[PDB]
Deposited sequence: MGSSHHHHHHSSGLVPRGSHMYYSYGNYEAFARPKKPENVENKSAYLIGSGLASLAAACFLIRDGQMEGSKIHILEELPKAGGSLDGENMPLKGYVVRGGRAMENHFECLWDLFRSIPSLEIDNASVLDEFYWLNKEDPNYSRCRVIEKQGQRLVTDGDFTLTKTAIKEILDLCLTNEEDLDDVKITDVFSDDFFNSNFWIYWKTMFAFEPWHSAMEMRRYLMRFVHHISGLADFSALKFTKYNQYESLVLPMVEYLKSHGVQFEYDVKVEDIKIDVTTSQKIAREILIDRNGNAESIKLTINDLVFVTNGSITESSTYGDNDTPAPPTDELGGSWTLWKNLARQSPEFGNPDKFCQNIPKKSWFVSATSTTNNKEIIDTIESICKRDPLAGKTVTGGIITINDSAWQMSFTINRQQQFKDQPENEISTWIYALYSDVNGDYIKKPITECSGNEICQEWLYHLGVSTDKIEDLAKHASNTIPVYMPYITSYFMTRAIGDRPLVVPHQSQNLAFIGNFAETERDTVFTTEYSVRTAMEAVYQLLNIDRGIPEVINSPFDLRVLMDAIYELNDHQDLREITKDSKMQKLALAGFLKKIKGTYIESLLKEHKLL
């Protein structure tokens, strides 16, 4: 009621009037991740809140044994809120240009695509690569899922809605690895993904729809925002651990009253009035991460960190604040936990990568174009090499490779141990084996020619845990006066979590609602409602067959189609179907 959804250029280009009474308001942002930063940016730009009244509370202060590549997930053109934000953030690389400009021009200069998406048998390209290999049964299961109401998917697993045909498809290889879905994850979220990205189905196998920043996410997204916020006087408070927020939850209002913090070791409290807004990033996929090195595994852990402890403390004050235990408890021990960043200047390794991905990793352009999946790896390992180098101060003869394994409790094929028990050099050895490197060189090249840093992340799969409506708090809970939840464990319609777009969307919706900003929020792109996109999807999903080939081997369908074509012959519907290759 305190916001509305829109689309089109009118609302995109319009500027909101200064919101009412904002001169008497303040904001506290809990956490320093992308959602907090984006919310602060919207407070400055569209709330016209004074930067000095904006307080970002970060647990970290103002030494790892090598380079580590973080989230690094791709974006797409229809990250509608994220581009609304980053058109206003100055680039740190190009004069008089925004982050969006630099990104837009870069991905036109050097457009992303994969020349080798799946390998097997120690370095062979998969033979059916490029094809979805979906049977009619699997396709009907996909569409049956989209045709299920989200409300009917409470706690439903991906394995509850798909059968053997689907799980044997190339589609499932592409899908599970690029998005990091496990079979026991949320069918509700998988449905959101299917609908959310249907306009890019023709780019699923070759990653032609992916777009990437010039450098790692921190240098290309976080640092530009931080510079923008600091230039506007926003206050960054470091070594602040937020332990609880006392919230009054009455029959008529929800009002945050006090932030209980541990500053640099000392218990303190921030008293809030109704004009002091609090933005909580509830939960975190990176909390309690541990780090290994070339010779040491990352020590597994089950610690609840400060992020999960805080959400638990808020949930104790109202069921409307969500159910953190659905996301941070009972995570299967087979789940993805470990990622590794393997850095080398060794020509044997780099030349091996070149022979598989067909591009020079040191040229400074696209290399793998996104992850390469090792389809027959016991770990279900994938790895990617982005445009090199991904760190501004890294030597120009080095590459850094990011590696992850979807299965954490199964022996590797060359290193006969679960990934959670492997040092950096052992992870690199298993990877080199699957590249086809000669087995008499693997040990030396991993131990002495590379430096590999593993990271153990207990909650990295947490976004996708099976959930019920109500497990995630509304961005602005009902009757909340000065409290919002942002980030990928907050609830909003149809958008997909594990994306930076979701972080920016929740940030924008929280700020606009709490300040009653008179401007539209862009809806999640309308592609699942667009007949043209749905026609393309049928054509692509059936691996480029028209309606006659699709129905050929079924009399019942073969006849319903002939009756359909009779009615639409010579009409606009027939020309549309022909334009989208269905006729």
Query raised in the report: Counting from 1 along the deposited sequence, what's missing?
Result: 1 to 18, 81 to 90
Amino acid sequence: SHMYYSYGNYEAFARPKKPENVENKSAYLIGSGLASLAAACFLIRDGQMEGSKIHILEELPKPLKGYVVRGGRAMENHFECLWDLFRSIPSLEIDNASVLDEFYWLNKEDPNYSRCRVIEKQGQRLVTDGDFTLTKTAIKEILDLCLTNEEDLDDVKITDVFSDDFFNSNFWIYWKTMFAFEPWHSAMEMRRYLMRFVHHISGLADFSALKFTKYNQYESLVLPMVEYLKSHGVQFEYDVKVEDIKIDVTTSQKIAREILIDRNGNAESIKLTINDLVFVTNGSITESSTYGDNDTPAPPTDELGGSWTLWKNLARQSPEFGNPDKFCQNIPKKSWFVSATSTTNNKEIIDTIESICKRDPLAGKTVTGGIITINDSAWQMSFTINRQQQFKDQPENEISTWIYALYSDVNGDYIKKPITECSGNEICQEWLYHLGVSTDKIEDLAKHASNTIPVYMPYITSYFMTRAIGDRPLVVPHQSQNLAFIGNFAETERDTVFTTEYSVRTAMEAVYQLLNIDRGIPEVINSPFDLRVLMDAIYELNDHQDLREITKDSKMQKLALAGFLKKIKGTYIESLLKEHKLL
From here on, numbers count along this sequence of modelled residues.
**Report entry** Between 238 to 246 and 471 to 479 (mean CA B-factor, as deposited), the higher
**Finding:** 238 to 246
Query raised in the report: Out of 390 to 398 and 428 to 436, which stretch has the higher average CA B-factor listed in the record?
Result: 390 to 398
Query raised in the report: Looking at 196, 78, 87, 447, which has the biggest Cα B factor in the entry?
Result: 447
Query - Of the residues 272, 116, 338, 100, the one carrying the largest Cα B-factor as recorded - result: 272
Query - Where the record places residue 556 (Cα B-factor, split into thirds across the chain) - result: highest
**Report entry** residue 233 - Cα temperature factor, lowest/middle/highest third of chain
**Finding:** highest
Report task. State the tercile, meaning the lowest, middle or highest third, of residue 31 with respect to the CA B-factors recorded for its chain. Result -> highest
Query raised in the report: Looking at the C-alpha B-factor of residue 47, is it in the lowest, middle or highest third of its chain?
Result: middle
Query - residue 53, C-alpha B-factor rank within chain (lowest, middle or highest third) - result: middle
